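Residue numbers begin at 1 in each chain, while the letters A, B, ... track the order of the sequences.
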Amino acid sequence: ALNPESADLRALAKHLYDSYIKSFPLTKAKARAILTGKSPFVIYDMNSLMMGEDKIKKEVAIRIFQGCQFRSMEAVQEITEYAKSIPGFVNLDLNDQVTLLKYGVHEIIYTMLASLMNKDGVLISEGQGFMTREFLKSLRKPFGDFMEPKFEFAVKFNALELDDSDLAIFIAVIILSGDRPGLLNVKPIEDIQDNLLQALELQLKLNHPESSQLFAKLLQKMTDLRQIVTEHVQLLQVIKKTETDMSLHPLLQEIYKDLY
Amino acid sequence: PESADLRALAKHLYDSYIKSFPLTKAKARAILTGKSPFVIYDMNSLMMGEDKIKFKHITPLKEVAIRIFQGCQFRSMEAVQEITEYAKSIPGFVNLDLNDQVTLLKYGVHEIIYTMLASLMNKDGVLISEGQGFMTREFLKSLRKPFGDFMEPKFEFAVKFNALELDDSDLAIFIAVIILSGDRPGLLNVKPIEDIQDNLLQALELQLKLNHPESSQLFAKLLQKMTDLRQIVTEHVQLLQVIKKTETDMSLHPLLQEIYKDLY
Ligand SMILES: Cc1oc(-c2ccccc2)nc1CCOc1ccc(C[C@H](Nc2ccccc2C(=O)c2ccccc2)C(=O)O)cc1
């Protein structure tokens, strides 16, 4: 049964889920309800892309690219606000706070993007729209190659059948990674992650009692996220050099500076 | 009962680990602490170090860096067969689809090699030639062109990895976990693999709780290290592509080119 130590871990899991709901406006729970049948407008081609711009709201390979960078900056702001709620984070060296965010945000972005994905497409614009995976992979130049790695990860990640209360702790574990390059004081970070890892283990045991070694299987997914990011950074360098008229927003540019 | 089988699995893998890998971490540790090894710290000590068995573990008919690289390839070829033997001792492995056995080894051996290489490293150097020698980290970093950043990423990993203070009994299970990875490309029947890895993970968790009762969340921390290994390995493959392209010897014996078809 529960015991003073495991009780403290339940309170932490409760606090993190709470802050997650407050920081992220589109939960997995809402995303799943939308995807499994309010209904979204579906963008699968050129004309439907124009019908949708009116219903929800090449220059088109560029309009999708910049929809995805505007999106990703919103997520960084949400993640940064969530990070403040992880007990101990705001007390860390401000420079290590920046480093942990710089290296953590994209691994979290792709974790949470999976919540909005099924094998056929991804929800957009707060779930008012749904853009098909075939439409995205049909884009020209390198733009058709960007979103396919994410779908591949999402389909396998989603088979773990995690809910928002599990993910709230998992993304906190991600942020508080002591191996990040350039961290000045690793021990206080590792102490916090030790506590989050304990909280996640108990959460998964209680929330998925029939799911053997879910904890370990989830931790192994950090390998797939790390590879998605480095693959993405490389594609962005290509876009930069081939499309000298396109703009990368200073926030994402600074996150990617001297990353790996 | 279930714990009994998990302890029997751990003991079985340990026993098989001892039989397949001659230089254990325990033995390497003792050497690295205190028959002292011949130390190779510069060009002259390397030349004098024919105890590195370079005429044997390399072909006659070259510059230092190339010859060292060829020596590491010979060592990796040896390790691949030790790892292969060990894999066949893992319960369930040989009963897998034979194509899947080949795929698991092909994509697993680089991860295993650099995990076990850490057993032979401290922050200042690495044991070589069955632990009879010791090549310093500074010397390797001093090699020209692409060869100077061959080993340094592995040292960085080994320093982090060794702070976990695993022993051979722990490492035996960990290595089996790596081999039974169901996400390797081209696998034909993922289910039995993930079922076996599930069992190995359970055995690893119990082993670490009994062997390191005071070390909080060591299981989780060890699993997170697989993220670093994978980045170590991808980086390493790209460097071999720069070497294969730029340091080609067109006089190289064609059979030696078939023997080293895969570079490690
Ligand atoms: C797939 C999609 O589309 C829309 C959308 C399109 C038009 C209008 C409104 C929305 N929302 C979503 C879901 C968000 O899906 C996301 C996908 C990726 C990211 C990470 C972000 N990538 C970019 C950062 C800058 C510019 C482009 C990208 C890309 O990821 C990209 C995507 C396709 C082609 C080329 C590049 C990064 O910084 O790493 C965030 C959200």
Side-chain angles (χ1 to χ4, degrees), chain A residues 24-54 56 60-62 64-75 105-125 127-139 141-164 167 221 223-226 228-236 238-239 242-243 246 252, chain B residues 182-183 185-187 190:
Chain A
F24 300 108
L26 177 57
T27 61
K28 183 168 175 185
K30 184 164 168 198
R32 292 295 105 176
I34 294 171
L35 286 168
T36 63
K38 300 296 181 288
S39 36
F41 184 85
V42 169
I43 296 154
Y44 62 100
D45 73 359
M46 303 299 325
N47 292 0
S48 61
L49 178 77
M50 286 316 165
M51 295 286 281
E53 272 189 83
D54 176 71
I56 55 170
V60 60
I62 291 295
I64 306 301
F65 180 95
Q66 306 197 134
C68 298
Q69 62 161 349
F70 177 69
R71 162 50 155 166
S72 180
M73 280 176 53
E74 210 171 63
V105 287
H106 279 98
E107 295 174 5
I108 289 160
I109 278 165
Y110 298 138
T111 292
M112 295 181 74
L113 188 62
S115 303
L116 279 46
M117 286 178 151
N118 66 22
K119 76 198 183 43
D120 290 341
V122 60
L123 288 169
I124 65 161
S125 160
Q128 298 170 276
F130 181 83
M131 187 169 316
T132 69
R133 173 186 193 171
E134 274 301 299
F135 176 63
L136 281 163
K137 170 166 73 203
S138 85
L139 302 173
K141 315 185 279 303
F143 299 82
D145 285 300
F146 261 84
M147 287 295 304
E148 194 51 23
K150 287 84 173 178
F151 282 106
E152 281 193 293
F153 168 75
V155 166
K156 299 143 196 74
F157 191 81
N158 284 346
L160 295 180
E161 312 205 45
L162 297 178
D163 62 32
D164 290 300
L167 290 157
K221 293 303 184 200
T223 298
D224 295 279
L225 292 161
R226 200 65 83 61
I228 295 174
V229 169
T230 63
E231 181 184 349
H232 178 96
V233 159
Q234 281 178 218
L235 287 165
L236 275 181
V238 167
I239 296 284
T242 70
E243 311 291 327
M246 282 170 60
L252 307 171
Chain B
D183 66 338
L187 289 170
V190 171

Point-to-point distance, once rounded to the nearest 0.5 Å, from NZ of A/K150 to CZ of A/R133: 12.5 Å
May I ask you to test the A/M131-A/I64 pair for a side-chain heavy-atom distance under 4.5 Å? yes
Between the side chain of A/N158 and the main-chain N/O of A/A114, is any donor-acceptor distance below 3.5 Å? yes
Are A/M147 and A/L113 side-chain neighbours, meaning at least one heavy-atom pair lies under 4.5 Å? yes
Closest heavy-atom pair and its distance - A/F135, A/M46: CE1-N, 4.2 Å
Please report the interatomic distance NZ(A/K141) to CD(A/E243), rounded to the nearest 0.5 Å. 6.0 Å
With a 6.0 Å cut-off (strictly less than), is the heavy-atom count around CD of A/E148, excluding the residue itself, greater than 12? yes
Would you call the rings of A/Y110 and A/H232 parallel, tilted or perpendicular if under 30° counts as parallel and over 60° as perpendicular? tilted
Could you please spell out the steps behind the side-chain contact (heavy atoms from CB on, under 4.5 Å) verdict for A/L35 and A/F130? CA-CA 9 Å; A/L35 286 168; A/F130 181 83; 3.5 Å; yes
Give the minimum heavy-atom separation between A/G127 and A/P40, together with the two atoms involved. O-CB, 3.7 Å
For the student: nearest non-hydrogen atoms of A/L225 and A/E107, plus distance: CD2-O, 3.4 Å
Using the rule given for side-chain contact (heavy atoms from CB on, under 4.5 Å), can you reason through A/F151 versus A/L136, listing the C-alpha separation, both sets of side-chain angles and the distance that settles it, and then say yes or no? CA-CA 11 Å; A/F151 282 106; A/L136 281 163; 3.9 Å; yes
If you measure from CG on A/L49 to CG on A/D54, what distance do you get to the nearest 0.5 Å? 12.0 Å
Please report the closest heavy-atom contact between A/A61 and A/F143, naming both atoms and the distance. O-CD2, 3.4 Å
Minimum heavy-atom separation for A/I239 and A/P142, please, with both atom names. CD1-CG, 3.4 Å
Check: A/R71 side chain, A/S125 main-chain N or O, donor-acceptor pair, under 3.5 Å: no
Can you list, pair by pair, the side-chain donor-acceptor contacts under 3.5 Å of residues 116-124 of chain A, counting residues two or more places apart and other chains?
{"residue": "A/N118", "atom": "OD1", "partner": "A/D120", "partner atom": "N", "Å": "2.7"}
{"residue": "A/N118", "atom": "OD1", "partner": "A/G121", "partner atom": "N", "Å": "2.9"}

To check you understand the geometry: which heavy-atom pair defines the closest contact between A/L162 and A/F157, and what is its length? CD1-CZ, 3.9 Å
CG (A/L252) and CZ (A/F70) are apart, to the nearest 0.5 Å, by 11.5 Å
Separation between CD (A/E74) and CD1 (A/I109), nearest 0.5 Å, reads 11.0 Å
Working to the nearest 0.5 Å, report the span between CD1 of A/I108 and NE2 of A/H106. 11.0 Å
So, do A/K156 and A/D224 sit near enough that their side-chain heavy atoms are less than 4.5 Å apart? no
